[PDB]
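final-v8.txt, holding compact mmCIF, N, CA and C atoms:
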# COMPACT_ATOMS: atom_id res chain seq x y z
N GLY A 1 -52.59 -1.45 -106.33
CA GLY A 1 -53.89 -1.09 -105.71
C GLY A 1 -54.93 -2.18 -105.86
N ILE A 2 -55.27 -2.50 -107.10
CA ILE A 2 -56.26 -3.54 -107.38
C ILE A 2 -55.60 -4.82 -107.87
N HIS A 3 -54.89 -4.71 -108.99
CA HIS A 3 -54.20 -5.86 -109.57
C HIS A 3 -55.20 -6.96 -109.94
N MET A 4 -54.70 -8.02 -110.58
CA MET A 4 -55.54 -9.13 -110.99
C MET A 4 -55.05 -10.44 -110.38
N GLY A 5 -55.75 -10.91 -109.36
CA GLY A 5 -55.38 -12.15 -108.70
C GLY A 5 -56.50 -13.17 -108.69
N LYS A 6 -56.38 -14.18 -107.84
CA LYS A 6 -57.40 -15.22 -107.74
C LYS A 6 -58.39 -14.90 -106.61
N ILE A 7 -58.14 -15.44 -105.42
CA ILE A 7 -59.00 -15.21 -104.26
C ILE A 7 -60.49 -15.37 -104.63
N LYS A 8 -61.32 -14.39 -104.26
CA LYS A 8 -62.75 -14.47 -104.55
C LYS A 8 -63.40 -15.57 -103.74
N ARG A 9 -63.90 -15.21 -102.56
CA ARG A 9 -64.55 -16.17 -101.66
C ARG A 9 -63.51 -17.06 -100.98
N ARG A 10 -62.92 -17.97 -101.75
CA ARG A 10 -61.92 -18.88 -101.21
C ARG A 10 -60.69 -18.95 -102.12
N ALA A 11 -60.81 -19.68 -103.22
CA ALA A 11 -59.71 -19.82 -104.17
C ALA A 11 -58.53 -20.57 -103.55
N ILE A 12 -57.59 -19.82 -102.97
CA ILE A 12 -56.41 -20.42 -102.34
C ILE A 12 -55.59 -21.20 -103.36
N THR A 13 -54.27 -20.99 -103.34
CA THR A 13 -53.37 -21.67 -104.25
C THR A 13 -51.98 -21.82 -103.62
N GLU A 14 -50.94 -21.86 -104.45
CA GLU A 14 -49.57 -22.02 -103.95
C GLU A 14 -49.03 -20.71 -103.38
N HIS A 15 -49.16 -19.64 -104.16
CA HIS A 15 -48.67 -18.33 -103.74
C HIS A 15 -49.34 -17.88 -102.45
N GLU A 16 -50.52 -18.42 -102.17
CA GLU A 16 -51.26 -18.08 -100.96
C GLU A 16 -50.51 -18.58 -99.73
N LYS A 17 -49.80 -19.69 -99.91
CA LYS A 17 -49.01 -20.29 -98.84
C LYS A 17 -47.66 -19.60 -98.72
N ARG A 18 -46.92 -19.59 -99.82
CA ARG A 18 -45.60 -18.98 -99.87
C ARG A 18 -45.61 -17.61 -99.20
N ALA A 19 -46.70 -16.87 -99.38
CA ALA A 19 -46.83 -15.55 -98.79
C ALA A 19 -47.28 -15.65 -97.34
N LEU A 20 -48.06 -16.69 -97.04
CA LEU A 20 -48.55 -16.90 -95.69
C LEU A 20 -47.42 -17.29 -94.75
N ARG A 21 -46.58 -18.22 -95.19
CA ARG A 21 -45.46 -18.66 -94.38
C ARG A 21 -44.54 -17.49 -94.09
N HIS A 22 -44.23 -16.71 -95.12
CA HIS A 22 -43.38 -15.54 -94.96
C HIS A 22 -44.10 -14.47 -94.14
N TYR A 23 -45.42 -14.60 -94.03
CA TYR A 23 -46.21 -13.65 -93.27
C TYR A 23 -45.82 -13.67 -91.80
N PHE A 24 -46.17 -14.76 -91.12
CA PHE A 24 -45.87 -14.90 -89.70
C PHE A 24 -44.38 -15.12 -89.43
N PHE A 25 -43.64 -15.60 -90.43
CA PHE A 25 -42.22 -15.87 -90.26
C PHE A 25 -41.33 -14.74 -90.78
N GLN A 26 -41.83 -13.93 -91.71
CA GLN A 26 -41.03 -12.85 -92.27
C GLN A 26 -41.58 -11.46 -91.94
N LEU A 27 -41.31 -11.01 -90.72
CA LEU A 27 -41.74 -9.68 -90.28
C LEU A 27 -40.65 -9.05 -89.41
N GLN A 28 -40.91 -7.85 -88.91
CA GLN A 28 -39.95 -7.15 -88.07
C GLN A 28 -39.86 -7.78 -86.68
N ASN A 29 -39.47 -9.06 -86.64
CA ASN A 29 -39.34 -9.82 -85.38
C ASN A 29 -40.51 -10.79 -85.21
N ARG A 30 -41.68 -10.25 -84.91
CA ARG A 30 -42.88 -11.06 -84.72
C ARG A 30 -44.06 -10.45 -85.47
N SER A 31 -44.50 -11.12 -86.52
CA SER A 31 -45.62 -10.63 -87.32
C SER A 31 -46.93 -10.65 -86.52
N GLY A 32 -47.73 -11.71 -86.69
CA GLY A 32 -48.98 -11.80 -85.97
C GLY A 32 -50.07 -12.49 -86.79
N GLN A 33 -50.67 -13.52 -86.21
CA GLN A 33 -51.73 -14.28 -86.88
C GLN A 33 -52.76 -13.34 -87.50
N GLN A 34 -53.02 -12.22 -86.83
CA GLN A 34 -53.97 -11.25 -87.33
C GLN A 34 -53.52 -10.73 -88.69
N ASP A 35 -52.25 -10.34 -88.78
CA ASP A 35 -51.70 -9.83 -90.03
C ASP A 35 -52.08 -10.74 -91.18
N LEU A 36 -52.04 -12.05 -90.93
CA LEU A 36 -52.43 -13.02 -91.93
C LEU A 36 -53.84 -12.70 -92.38
N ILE A 37 -54.74 -12.60 -91.41
CA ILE A 37 -56.13 -12.29 -91.67
C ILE A 37 -56.26 -10.95 -92.40
N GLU A 38 -55.28 -10.07 -92.17
CA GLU A 38 -55.27 -8.75 -92.80
C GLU A 38 -55.35 -8.88 -94.32
N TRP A 39 -54.57 -9.80 -94.88
CA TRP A 39 -54.57 -10.03 -96.32
C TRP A 39 -55.76 -10.91 -96.71
N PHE A 40 -56.34 -11.54 -95.69
CA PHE A 40 -57.51 -12.39 -95.88
C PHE A 40 -58.73 -11.49 -96.07
N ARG A 41 -58.93 -10.59 -95.11
CA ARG A 41 -60.04 -9.65 -95.16
C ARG A 41 -59.97 -8.79 -96.43
N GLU A 42 -58.75 -8.39 -96.80
CA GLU A 42 -58.55 -7.54 -97.96
C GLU A 42 -58.63 -8.31 -99.28
N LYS A 43 -58.35 -9.60 -99.24
CA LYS A 43 -58.39 -10.41 -100.46
C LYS A 43 -59.81 -10.82 -100.84
N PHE A 44 -60.60 -11.26 -99.86
CA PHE A 44 -61.97 -11.67 -100.14
C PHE A 44 -62.97 -11.01 -99.20
N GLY A 45 -62.51 -10.00 -98.46
CA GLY A 45 -63.39 -9.30 -97.54
C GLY A 45 -63.15 -9.68 -96.09
N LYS A 46 -63.33 -10.96 -95.80
CA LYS A 46 -63.14 -11.49 -94.45
C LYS A 46 -63.78 -12.87 -94.33
N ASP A 47 -62.96 -13.87 -94.00
CA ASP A 47 -63.45 -15.24 -93.85
C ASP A 47 -62.41 -16.11 -93.17
N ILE A 48 -61.56 -15.50 -92.35
CA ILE A 48 -60.52 -16.23 -91.65
C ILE A 48 -60.30 -15.65 -90.25
N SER A 49 -61.22 -15.92 -89.33
CA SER A 49 -61.09 -15.44 -87.96
C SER A 49 -60.15 -16.35 -87.17
N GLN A 50 -58.95 -16.54 -87.71
CA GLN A 50 -57.93 -17.39 -87.11
C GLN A 50 -58.35 -18.87 -87.07
N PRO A 51 -59.11 -19.36 -88.08
CA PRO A 51 -59.56 -20.74 -88.14
C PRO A 51 -58.67 -21.63 -89.01
N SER A 52 -58.40 -21.18 -90.24
CA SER A 52 -57.57 -21.93 -91.17
C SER A 52 -56.15 -21.37 -91.21
N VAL A 53 -55.95 -20.19 -90.61
CA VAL A 53 -54.63 -19.57 -90.57
C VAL A 53 -53.58 -20.60 -90.20
N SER A 54 -53.98 -21.57 -89.38
CA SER A 54 -53.10 -22.64 -88.96
C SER A 54 -53.10 -23.75 -90.00
N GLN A 55 -54.27 -24.01 -90.56
CA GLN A 55 -54.42 -25.04 -91.59
C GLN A 55 -53.59 -24.69 -92.81
N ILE A 56 -53.74 -23.46 -93.30
CA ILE A 56 -52.99 -23.01 -94.46
C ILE A 56 -51.50 -22.88 -94.15
N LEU A 57 -51.18 -22.77 -92.86
CA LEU A 57 -49.79 -22.66 -92.44
C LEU A 57 -49.13 -24.04 -92.44
N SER A 58 -49.91 -25.06 -92.11
CA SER A 58 -49.40 -26.43 -92.05
C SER A 58 -49.94 -27.30 -93.18
N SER A 59 -51.24 -27.56 -93.16
CA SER A 59 -51.88 -28.40 -94.17
C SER A 59 -51.56 -27.92 -95.58
N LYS A 60 -52.21 -26.84 -96.00
CA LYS A 60 -52.00 -26.30 -97.34
C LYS A 60 -50.53 -26.01 -97.59
N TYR A 61 -49.80 -25.74 -96.51
CA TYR A 61 -48.38 -25.45 -96.62
C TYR A 61 -47.59 -26.72 -96.88
N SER A 62 -48.15 -27.87 -96.51
CA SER A 62 -47.48 -29.15 -96.73
C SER A 62 -47.71 -29.61 -98.15
N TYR A 63 -48.92 -29.37 -98.65
CA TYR A 63 -49.27 -29.74 -100.01
C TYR A 63 -48.27 -29.15 -101.00
N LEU A 64 -48.00 -27.86 -100.84
CA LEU A 64 -47.05 -27.16 -101.71
C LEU A 64 -45.61 -27.39 -101.23
N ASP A 65 -45.48 -28.05 -100.08
CA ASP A 65 -44.18 -28.40 -99.53
C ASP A 65 -43.72 -29.74 -100.10
N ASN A 66 -44.59 -30.35 -100.91
CA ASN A 66 -44.31 -31.64 -101.53
C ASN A 66 -44.12 -31.51 -103.04
N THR A 67 -44.83 -30.58 -103.66
CA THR A 67 -44.74 -30.39 -105.11
C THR A 67 -44.87 -28.92 -105.52
N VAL A 68 -44.79 -28.67 -106.82
CA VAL A 68 -44.89 -27.31 -107.37
C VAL A 68 -46.35 -26.92 -107.66
N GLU A 69 -46.55 -25.99 -108.60
CA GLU A 69 -47.90 -25.51 -108.94
C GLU A 69 -48.59 -26.41 -109.98
N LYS A 70 -48.00 -27.57 -110.26
CA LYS A 70 -48.57 -28.49 -111.24
C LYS A 70 -49.01 -29.82 -110.62
N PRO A 71 -49.46 -29.84 -109.35
CA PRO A 71 -49.90 -31.07 -108.70
C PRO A 71 -51.40 -31.33 -108.83
N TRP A 72 -52.22 -30.56 -108.10
CA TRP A 72 -53.67 -30.73 -108.14
C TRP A 72 -54.34 -29.71 -109.06
N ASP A 73 -54.53 -28.49 -108.57
CA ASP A 73 -55.17 -27.43 -109.34
C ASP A 73 -54.61 -26.06 -108.99
N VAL A 74 -53.39 -26.03 -108.46
CA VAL A 74 -52.75 -24.77 -108.09
C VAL A 74 -52.88 -23.73 -109.20
N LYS A 75 -53.03 -24.20 -110.43
CA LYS A 75 -53.16 -23.30 -111.58
C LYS A 75 -54.45 -22.48 -111.50
N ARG A 76 -55.59 -23.15 -111.58
CA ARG A 76 -56.89 -22.47 -111.53
C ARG A 76 -57.61 -22.74 -110.21
N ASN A 77 -58.79 -22.13 -110.05
CA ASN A 77 -59.58 -22.30 -108.83
C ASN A 77 -61.03 -21.89 -109.06
N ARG A 78 -61.71 -21.42 -108.01
CA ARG A 78 -63.11 -20.99 -108.10
C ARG A 78 -63.94 -21.94 -108.96
N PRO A 79 -64.26 -23.13 -108.43
CA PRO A 79 -65.05 -24.13 -109.15
C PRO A 79 -66.56 -23.90 -109.03
N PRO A 80 -67.32 -24.23 -110.09
CA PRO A 80 -68.78 -24.07 -110.09
C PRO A 80 -69.44 -24.91 -108.99
N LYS A 81 -70.64 -25.43 -109.26
CA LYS A 81 -71.35 -26.26 -108.29
C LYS A 81 -71.66 -27.63 -108.89
N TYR A 82 -71.93 -27.65 -110.19
CA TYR A 82 -72.25 -28.89 -110.90
C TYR A 82 -71.26 -29.11 -112.04
N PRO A 83 -70.16 -29.85 -111.79
CA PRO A 83 -69.13 -30.12 -112.80
C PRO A 83 -69.58 -31.10 -113.89
N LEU A 84 -70.21 -32.19 -113.48
CA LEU A 84 -70.67 -33.21 -114.42
C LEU A 84 -71.96 -32.79 -115.12
N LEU A 85 -72.81 -32.08 -114.40
CA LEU A 85 -74.08 -31.62 -114.95
C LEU A 85 -73.84 -30.69 -116.13
N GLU A 86 -72.92 -29.76 -115.96
CA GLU A 86 -72.60 -28.80 -117.02
C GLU A 86 -72.16 -29.50 -118.29
N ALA A 87 -71.23 -30.44 -118.16
CA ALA A 87 -70.72 -31.18 -119.31
C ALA A 87 -71.85 -31.86 -120.07
N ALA A 88 -72.72 -32.56 -119.34
CA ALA A 88 -73.84 -33.25 -119.95
C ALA A 88 -74.92 -32.28 -120.39
N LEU A 89 -75.15 -31.24 -119.59
CA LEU A 89 -76.16 -30.26 -119.92
C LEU A 89 -75.70 -29.38 -121.08
N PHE A 90 -74.41 -29.47 -121.40
CA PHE A 90 -73.86 -28.73 -122.52
C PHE A 90 -74.33 -29.40 -123.80
N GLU A 91 -73.83 -30.61 -124.01
CA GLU A 91 -74.16 -31.40 -125.20
C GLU A 91 -75.62 -31.22 -125.62
N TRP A 92 -76.51 -31.02 -124.65
CA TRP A 92 -77.93 -30.82 -124.97
C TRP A 92 -78.18 -29.41 -125.50
N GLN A 93 -77.56 -28.43 -124.86
CA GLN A 93 -77.71 -27.03 -125.27
C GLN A 93 -77.17 -26.81 -126.68
N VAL A 94 -75.94 -27.25 -126.91
CA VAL A 94 -75.32 -27.11 -128.23
C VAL A 94 -76.29 -27.55 -129.32
N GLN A 95 -76.87 -28.73 -129.12
CA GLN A 95 -77.83 -29.28 -130.07
C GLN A 95 -79.09 -28.43 -130.09
N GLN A 96 -79.41 -27.84 -128.94
CA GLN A 96 -80.59 -26.99 -128.81
C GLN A 96 -80.19 -25.52 -128.82
N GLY A 97 -79.12 -25.22 -129.55
CA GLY A 97 -78.64 -23.85 -129.64
C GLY A 97 -79.57 -22.97 -130.47
N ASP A 98 -79.33 -22.94 -131.78
CA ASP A 98 -80.15 -22.14 -132.69
C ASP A 98 -80.12 -20.66 -132.30
N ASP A 99 -81.17 -19.92 -132.67
CA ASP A 99 -81.25 -18.49 -132.36
C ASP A 99 -81.85 -18.26 -130.97
N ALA A 100 -81.93 -19.32 -130.17
CA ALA A 100 -82.48 -19.24 -128.82
C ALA A 100 -81.99 -18.00 -128.08
N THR A 101 -82.61 -17.70 -126.95
CA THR A 101 -82.22 -16.54 -126.15
C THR A 101 -82.81 -16.62 -124.74
N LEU A 102 -82.58 -15.58 -123.95
CA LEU A 102 -83.09 -15.54 -122.58
C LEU A 102 -82.58 -16.73 -121.78
N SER A 103 -81.46 -16.54 -121.08
CA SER A 103 -80.88 -17.61 -120.28
C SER A 103 -81.76 -17.93 -119.07
N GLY A 104 -81.50 -19.08 -118.45
CA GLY A 104 -82.28 -19.48 -117.29
C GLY A 104 -83.45 -20.38 -117.65
N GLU A 105 -84.64 -19.99 -117.21
CA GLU A 105 -85.87 -20.75 -117.46
C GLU A 105 -85.89 -21.38 -118.85
N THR A 106 -85.23 -20.73 -119.81
CA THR A 106 -85.17 -21.24 -121.18
C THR A 106 -84.78 -22.71 -121.16
N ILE A 107 -84.02 -23.09 -120.14
CA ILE A 107 -83.61 -24.47 -119.97
C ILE A 107 -84.68 -25.20 -119.17
N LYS A 108 -84.92 -24.74 -117.94
CA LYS A 108 -85.93 -25.36 -117.06
C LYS A 108 -87.14 -25.85 -117.85
N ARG A 109 -87.41 -25.20 -118.97
CA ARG A 109 -88.51 -25.59 -119.84
C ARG A 109 -88.03 -26.71 -120.76
N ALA A 110 -86.87 -26.49 -121.38
CA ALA A 110 -86.27 -27.46 -122.29
C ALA A 110 -85.79 -28.69 -121.55
N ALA A 111 -85.15 -28.48 -120.40
CA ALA A 111 -84.65 -29.59 -119.59
C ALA A 111 -85.79 -30.42 -119.03
N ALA A 112 -86.72 -29.76 -118.34
CA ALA A 112 -87.87 -30.44 -117.76
C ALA A 112 -88.67 -31.19 -118.82
N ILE A 113 -88.59 -30.73 -120.06
CA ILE A 113 -89.28 -31.38 -121.16
C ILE A 113 -88.33 -32.28 -121.93
N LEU A 114 -87.04 -32.06 -121.73
CA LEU A 114 -86.00 -32.84 -122.39
C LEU A 114 -85.90 -34.23 -121.77
N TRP A 115 -85.92 -34.30 -120.45
CA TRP A 115 -85.81 -35.57 -119.76
C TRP A 115 -87.16 -36.24 -119.54
N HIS A 116 -88.25 -35.49 -119.69
CA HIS A 116 -89.57 -36.06 -119.51
C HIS A 116 -90.06 -36.72 -120.79
N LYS A 117 -89.78 -36.08 -121.93
CA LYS A 117 -90.23 -36.59 -123.22
C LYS A 117 -89.28 -37.63 -123.81
N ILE A 118 -88.04 -37.67 -123.35
CA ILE A 118 -87.08 -38.64 -123.89
C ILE A 118 -86.07 -39.07 -122.81
N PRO A 119 -86.30 -40.23 -122.17
CA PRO A 119 -85.45 -40.74 -121.10
C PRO A 119 -84.40 -41.76 -121.57
N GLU A 120 -84.10 -41.77 -122.86
CA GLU A 120 -83.12 -42.71 -123.41
C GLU A 120 -81.83 -42.00 -123.81
N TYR A 121 -81.93 -40.71 -124.07
CA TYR A 121 -80.78 -39.92 -124.48
C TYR A 121 -79.69 -39.97 -123.41
N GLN A 122 -80.10 -39.85 -122.16
CA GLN A 122 -79.17 -39.90 -121.04
C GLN A 122 -79.64 -40.94 -120.02
N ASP A 123 -80.96 -41.00 -119.81
CA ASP A 123 -81.55 -41.94 -118.86
C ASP A 123 -81.42 -41.44 -117.43
N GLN A 124 -81.80 -40.18 -117.22
CA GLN A 124 -81.74 -39.58 -115.89
C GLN A 124 -82.88 -38.59 -115.69
N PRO A 125 -84.06 -39.08 -115.27
CA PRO A 125 -85.24 -38.23 -115.05
C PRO A 125 -85.00 -37.19 -113.95
N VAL A 126 -84.52 -36.02 -114.35
CA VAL A 126 -84.25 -34.94 -113.41
C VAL A 126 -85.53 -34.52 -112.68
N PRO A 127 -85.39 -33.92 -111.48
CA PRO A 127 -86.52 -33.46 -110.68
C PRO A 127 -86.94 -32.03 -111.03
N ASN A 128 -86.14 -31.06 -110.60
CA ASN A 128 -86.42 -29.66 -110.86
C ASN A 128 -85.17 -28.81 -110.68
N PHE A 129 -84.05 -29.31 -111.18
CA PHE A 129 -82.77 -28.62 -111.08
C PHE A 129 -82.83 -27.23 -111.70
N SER A 130 -81.90 -26.37 -111.27
CA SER A 130 -81.83 -25.00 -111.79
C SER A 130 -81.24 -25.01 -113.20
N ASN A 131 -80.98 -23.83 -113.74
CA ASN A 131 -80.42 -23.72 -115.09
C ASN A 131 -79.06 -23.01 -115.06
N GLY A 132 -78.71 -22.45 -113.91
CA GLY A 132 -77.46 -21.73 -113.79
C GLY A 132 -76.26 -22.53 -114.24
N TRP A 133 -76.29 -23.85 -114.03
CA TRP A 133 -75.17 -24.68 -114.45
C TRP A 133 -74.97 -24.54 -115.94
N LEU A 134 -76.07 -24.46 -116.68
CA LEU A 134 -75.99 -24.28 -118.12
C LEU A 134 -75.41 -22.92 -118.42
N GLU A 135 -76.08 -21.88 -117.93
CA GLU A 135 -75.64 -20.51 -118.13
C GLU A 135 -74.17 -20.39 -117.77
N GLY A 136 -73.77 -21.11 -116.74
CA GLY A 136 -72.39 -21.09 -116.30
C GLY A 136 -71.43 -21.46 -117.41
N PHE A 137 -71.70 -22.58 -118.08
CA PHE A 137 -70.83 -23.01 -119.17
C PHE A 137 -71.12 -22.17 -120.41
N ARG A 138 -72.40 -21.94 -120.70
CA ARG A 138 -72.79 -21.15 -121.85
C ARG A 138 -72.14 -19.77 -121.81
N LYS A 139 -71.83 -19.29 -120.61
CA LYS A 139 -71.19 -18.00 -120.46
C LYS A 139 -69.68 -18.16 -120.37
N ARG A 140 -69.25 -19.25 -119.74
CA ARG A 140 -67.82 -19.51 -119.58
C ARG A 140 -67.29 -20.38 -120.72
N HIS A 141 -68.03 -20.47 -121.82
CA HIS A 141 -67.59 -21.28 -122.95
C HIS A 141 -68.30 -20.88 -124.25
N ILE A 142 -69.62 -20.70 -124.19
CA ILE A 142 -70.38 -20.33 -125.38
C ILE A 142 -70.49 -18.81 -125.52
N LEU A 143 -69.74 -18.07 -124.71
CA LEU A 143 -69.76 -16.62 -124.76
C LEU A 143 -71.18 -16.08 -124.60
N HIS A 144 -71.38 -14.81 -124.93
CA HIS A 144 -72.69 -14.18 -124.82
C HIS A 144 -73.73 -14.93 -125.66

What is this file in structure tokens?
Amino acid sequence: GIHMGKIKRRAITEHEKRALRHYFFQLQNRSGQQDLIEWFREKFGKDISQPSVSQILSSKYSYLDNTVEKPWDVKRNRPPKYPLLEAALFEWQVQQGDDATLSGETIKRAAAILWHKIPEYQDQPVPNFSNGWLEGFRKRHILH
């Protein structure tokens, strides 16, 4: 019924292809491009109006047609927005951990004052970036 898979917005992996190829190719004679979308709409709601159905059939299907689930990132998926920012914004948080609390602005204050008061630690005068990148790692690594 529910089960635990990847998907979520996009995701896409190896099993997404293996099942896709068997989709249009493994049915009672003739499946249907729509059927593909059927698992698309049900997996993430709906985001494949026959646009990538061909791409994932050929392109993404070729990627996994060359190697196994250990090539690029077939293992995991759903990537954040700021990969390098989090790593660097981490090292600062850890040091500025303490009994702190209230995620979000808690950084925008520390960050905006972190790079303004000391531009030698990293040497990157940020403008007005958000704090979600921090919360992202702080939640996906520093727990609650």

TODO: Could you jot down the CA of residue 1 (chain A) to atom N of residue 15 (chain A) separation for me, Å, one decimal place?
DONE: 19.2 Å

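Once residue 7 (chain A) and its same-chain neighbours fewer than 2 positions away are set aside, residues 4, 5, 9, 10, 11, 12, 13, 43, 44, 77 and 78 of chain A remain within 8 Å of it when counting only N, CA and C atoms.
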
- [ ] Would you mind telling me which residue in A:116, A:127, A:122, A:100 lies nearest to residue 144 (chain A) when using only C-alpha atoms?
- [x]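 Checking each of A:116, A:127, A:122, A:100 against residue 144 (chain A), counting only C-alpha atoms, the winner is A:100.
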
- [ ] Figure out the distance between atom N of residue 107 (chain A) and CA of residue 119 (chain A), please, to one decimal in Å.
- [x]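 Spanning CA of residue 119 (chain A) to atom N of residue 107 (chain A) is a straight-line distance of 17.7 Å.
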
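Near residue 54 (chain A), within 10 Å and counting only C-alpha atoms, sit residues 20, 33, 59, 60 and 61 of chain A, not including residues fewer than 5 positions from it in the same chain.
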
Open item on the list: With DSSP run on the backbone, what are the alpha helix (DSSP H) residues within region 42-126 of chain A? I'd like them as a ChimeraX atom specification.
Closed with: /A:42-44,55-63,83-95,105-117

Would you mind exporting the chosen residues as a short mmCIF file (atom, residue, chain, number, x, y, z; two decimals), in the frame of the given file, restricted to N, CA and C atoms?
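Ended up saving to part.cif:
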data_model
loop_
_atom_site.label_atom_id
_atom_site.label_comp_id
_atom_site.auth_asym_id
_atom_site.auth_seq_id
_atom_site.Cartn_x
_atom_site.Cartn_y
_atom_site.Cartn_z
N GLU A 42 -58.75 -8.39 -96.80
CA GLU A 42 -58.55 -7.54 -97.96
C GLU A 42 -58.63 -8.31 -99.28
N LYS A 43 -58.35 -9.60 -99.24
CA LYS A 43 -58.39 -10.41 -100.46
C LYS A 43 -59.81 -10.82 -100.84
N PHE A 44 -60.60 -11.26 -99.86
CA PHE A 44 -61.97 -11.67 -100.14
C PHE A 44 -62.97 -11.01 -99.20
N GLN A 55 -54.27 -24.01 -90.56
CA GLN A 55 -54.42 -25.04 -91.59
C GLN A 55 -53.59 -24.69 -92.81
N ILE A 56 -53.74 -23.46 -93.30
CA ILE A 56 -52.99 -23.01 -94.46
C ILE A 56 -51.50 -22.88 -94.15
N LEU A 57 -51.18 -22.77 -92.86
CA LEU A 57 -49.79 -22.66 -92.44
C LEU A 57 -49.13 -24.04 -92.44
N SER A 58 -49.91 -25.06 -92.11
CA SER A 58 -49.40 -26.43 -92.05
C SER A 58 -49.94 -27.30 -93.18
N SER A 59 -51.24 -27.56 -93.16
CA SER A 59 -51.88 -28.40 -94.17
C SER A 59 -51.56 -27.92 -95.58
N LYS A 60 -52.21 -26.84 -96.00
CA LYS A 60 -52.00 -26.30 -97.34
C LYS A 60 -50.53 -26.01 -97.59
N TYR A 61 -49.80 -25.74 -96.51
CA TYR A 61 -48.38 -25.45 -96.62
C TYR A 61 -47.59 -26.72 -96.88
N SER A 62 -48.15 -27.87 -96.51
CA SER A 62 -47.48 -29.15 -96.73
C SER A 62 -47.71 -29.61 -98.15
N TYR A 63 -48.92 -29.37 -98.65
CA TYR A 63 -49.27 -29.74 -100.01
C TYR A 63 -48.27 -29.15 -101.00
N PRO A 83 -70.16 -29.85 -111.79
CA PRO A 83 -69.13 -30.12 -112.80
C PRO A 83 -69.58 -31.10 -113.89
N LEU A 84 -70.21 -32.19 -113.48
CA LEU A 84 -70.67 -33.21 -114.42
C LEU A 84 -71.96 -32.79 -115.12
N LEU A 85 -72.81 -32.08 -114.40
CA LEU A 85 -74.08 -31.62 -114.95
C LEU A 85 -73.84 -30.69 -116.13
N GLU A 86 -72.92 -29.76 -115.96
CA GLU A 86 -72.60 -28.80 -117.02
C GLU A 86 -72.16 -29.50 -118.29
N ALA A 87 -71.23 -30.44 -118.16
CA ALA A 87 -70.72 -31.18 -119.31
C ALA A 87 -71.85 -31.86 -120.07
N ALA A 88 -72.72 -32.56 -119.34
CA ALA A 88 -73.84 -33.25 -119.95
C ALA A 88 -74.92 -32.28 -120.39
N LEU A 89 -75.15 -31.24 -119.59
CA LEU A 89 -76.16 -30.26 -119.92
C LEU A 89 -75.70 -29.38 -121.08
N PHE A 90 -74.41 -29.47 -121.40
CA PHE A 90 -73.86 -28.73 -122.52
C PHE A 90 -74.33 -29.40 -123.80
N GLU A 91 -73.83 -30.61 -124.01
CA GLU A 91 -74.16 -31.40 -125.20
C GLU A 91 -75.62 -31.22 -125.62
N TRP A 92 -76.51 -31.02 -124.65
CA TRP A 92 -77.93 -30.82 -124.97
C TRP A 92 -78.18 -29.41 -125.50
N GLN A 93 -77.56 -28.43 -124.86
CA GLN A 93 -77.71 -27.03 -125.27
C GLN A 93 -77.17 -26.81 -126.68
N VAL A 94 -75.94 -27.25 -126.91
CA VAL A 94 -75.32 -27.11 -128.23
C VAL A 94 -76.29 -27.55 -129.32
N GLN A 95 -76.87 -28.73 -129.12
CA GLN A 95 -77.83 -29.28 -130.07
C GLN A 95 -79.09 -28.43 -130.09
N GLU A 105 -84.64 -19.99 -117.21
CA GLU A 105 -85.87 -20.75 -117.46
C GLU A 105 -85.89 -21.38 -118.85
N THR A 106 -85.23 -20.73 -119.81
CA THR A 106 -85.17 -21.24 -121.18
C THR A 106 -84.78 -22.71 -121.16
N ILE A 107 -84.02 -23.09 -120.14
CA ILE A 107 -83.61 -24.47 -119.97
C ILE A 107 -84.68 -25.20 -119.17
N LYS A 108 -84.92 -24.74 -117.94
CA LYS A 108 -85.93 -25.36 -117.06
C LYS A 108 -87.14 -25.85 -117.85
N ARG A 109 -87.41 -25.20 -118.97
CA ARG A 109 -88.51 -25.59 -119.84
C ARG A 109 -88.03 -26.71 -120.76
N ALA A 110 -86.87 -26.49 -121.38
CA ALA A 110 -86.27 -27.46 -122.29
C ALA A 110 -85.79 -28.69 -121.55
N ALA A 111 -85.15 -28.48 -120.40
CA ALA A 111 -84.65 -29.59 -119.59
C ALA A 111 -85.79 -30.42 -119.03
N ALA A 112 -86.72 -29.76 -118.34
CA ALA A 112 -87.87 -30.44 -117.76
C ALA A 112 -88.67 -31.19 -118.82
N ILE A 113 -88.59 -30.73 -120.06
CA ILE A 113 -89.28 -31.38 -121.16
C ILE A 113 -88.33 -32.28 -121.93
N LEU A 114 -87.04 -32.06 -121.73
CA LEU A 114 -86.00 -32.84 -122.39
C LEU A 114 -85.90 -34.23 -121.77
N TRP A 115 -85.92 -34.30 -120.45
CA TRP A 115 -85.81 -35.57 -119.76
C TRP A 115 -87.16 -36.24 -119.54
N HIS A 116 -88.25 -35.49 -119.69
CA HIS A 116 -89.57 -36.06 -119.51
C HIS A 116 -90.06 -36.72 -120.79
N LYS A 117 -89.78 -36.08 -121.93
CA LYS A 117 -90.23 -36.59 -123.22
C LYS A 117 -89.28 -37.63 -123.81
#

- [ ] Mind giving me the straight-line distance from atom C of residue 135 (chain A) to atom N of residue 104 (chain A) in Å, one decimal?
- [x]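 Value for the atom C of residue 135 (chain A)-atom N of residue 104 (chain A) distance: 7.5 Å.
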
Open item on the list: I need the residue nearest residue 21 (chain A) from this list: A:56, A:95, A:90, A:63. Use all atoms listed in the file for the distance.
Closed with: A:56
